[PDB]
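Inspection log for the structure reproduced underneath, given as structure tokens.
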Amino acid sequence: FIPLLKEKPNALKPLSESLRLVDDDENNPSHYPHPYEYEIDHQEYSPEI
């Protein structure tokens, strides 16, 4: 699957290096990760929520 949402808004990382490949190690073959993963990585959440 080619990544299909090029918009990376309110994100902690751009979409470019987020659209890369991780290494092919003992648990995973070659595949593609997500655009907005770093925004989901350690974001301090909404205080009013």
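Cβ: placed from backbone, ideal geometry, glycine included. Neighbour counts: every protein chain shown. Any read-out appearing in this document is the output of simple, stated calculations on the displayed coordinates, not a laboratory observation.
A few notes on this one:
- Hits in the chain - residues which are assigned to a loop (DSSP other than H, G, I, E, B) and among the acidic types (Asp, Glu): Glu7, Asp23, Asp24, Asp25, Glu26, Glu37, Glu39, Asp41, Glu44, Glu48
- Residue-level analysis places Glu48 outside the set of residues that are touching a helix residue (DSSP H, G or I) at 6+ places or on another chain (Cβ under 9 Å) and not polar (S, T, N, Q).
- Figure legend. Inter-residue proximity from the range 1-26: first residues free of Cβ contacts under 8 Å to residues at least 12 places away in the same chain, second residues basic (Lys, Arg), beta-carbon distance below 7 Å, spacing 6+ or different chains. Indicated pairs: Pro14/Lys8.
For (1) out of contact with any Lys or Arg (no Cβ under 7 Å at 6 or more places or on another chain); (2) at positive phi; (3) among the acidic types (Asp, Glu), each residue gets a yes or a no:
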{"residue": "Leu15", "(1), (2), (3)": "no, no, no"}
{"residue": "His31", "(1), (2), (3)": "yes, no, no"}
{"residue": "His34", "(1), (2), (3)": "yes, no, no"}
{"residue": "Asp41", "(1), (2), (3)": "yes, no, yes"}
